[PDB]
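Scroll down for the structure; my scribbles are underneath it.
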Amino acid sequence: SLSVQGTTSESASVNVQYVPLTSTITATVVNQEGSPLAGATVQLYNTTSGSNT
Amino acid sequence: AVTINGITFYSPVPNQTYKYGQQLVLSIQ
Amino acid sequence: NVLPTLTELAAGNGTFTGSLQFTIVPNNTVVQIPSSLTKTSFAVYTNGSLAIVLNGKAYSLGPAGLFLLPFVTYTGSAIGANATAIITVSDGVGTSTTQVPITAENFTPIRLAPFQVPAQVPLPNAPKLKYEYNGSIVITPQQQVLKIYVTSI
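Shown next as structure tokens:
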């Protein structure tokens, strides 16, 4: 808000914004048949925490 | 520039998005 | 030469004058002013676009807002000659969208002045958009009077 209180009580309502920061990691599986596998479980551990969180 | 409620905003004009470590500077006439 | 060149009137009079004639081009730059303070929301352009009348015609000098004076301050907001107000008025039946072009044939010289200062004498030695009233006005809940003069000459 700019409540510019000079000579004028000017009331502005300037919106601003912020986008959060999220990361997205992808993993892929292929074999010797050259066909992408479905049903494979892949587990991401965050190993920058000093354990397998 | 744009007259929102009396303040000739050169910056901010409404719905202005910011980034991590970005400096808002208040430029107003 | 369509503007003067500076010459003297008599032998060593020491005089240098010219002459500049002005106008405004009506602008169209659509500036919607968001107001959630009152239901009526109001779009006032950038207050004409000042120009110089040379050769009979307008050649722009840019935003006439910061140029010219005065302008009414709808909570600060500069509304003066050469605009359009697109109006969204409300009522118990709903709303209607009206439009009023803001002309300088709609300029309207009105001061609003205190109860204790004369209505038709303005104040140029008090600030243009402000004067501090020093008089006491007591409010009473059935007689809540905010006394002023809306001088409508």
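Protein chains in written order, with the entry's author numbering: chain A, 107 to 159; chain B, 25 to 53; chain C, 1142 to 1294. Just so you know, even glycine gets a beta-carbon here, dropped at the ideal spot from N, CA and C.
Query: Where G1206/C sits in the DSSP three-state scheme; Result: helix
Query: Cut-off 6 Å between Cβ atoms - residues of its own chain near residue 69/A, not counting five sequence neighbours on either side; Result: Chain A is shown only over 107 to 159; residue 69/A falls outside these bounds and no answer can be derived.
Query: Listed by chain order, chain A residues near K1271/C by CB distance under 8 Å; Result: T113 and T114
Query: Given 8 Å, three or more beta-carbon pairs between the segment 1178 to 1195 of chain C and the segment 1206 to 1214 of chain C; Result: yes
Query: Chain-ordered neighbours of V1241/C on chain B, where CB pairs are closer than 7 Å; Result: Chain B residues near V1241/C: none, gap ~17 Å exceeds 7 Å.
Query: Buried or exposed by the 16-neighbour rule on C-beta atoms within 10 Å, applied to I1243/C; Result: buried
Query: DSSP three-state assignment for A1245/C, whether helix, strand or coil; Result: coil
Query: Residue-level contact to chain C via CB, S107/A, 9 Å cutoff; Result: no
Query: Proximal chain A residues relative to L1209/C, where beta-carbon distance stays under 8 Å; Result: By Cβ distance, chain A contributes nothing, its closest Cβ being about 17 Å from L1209/C, past 8 Å.
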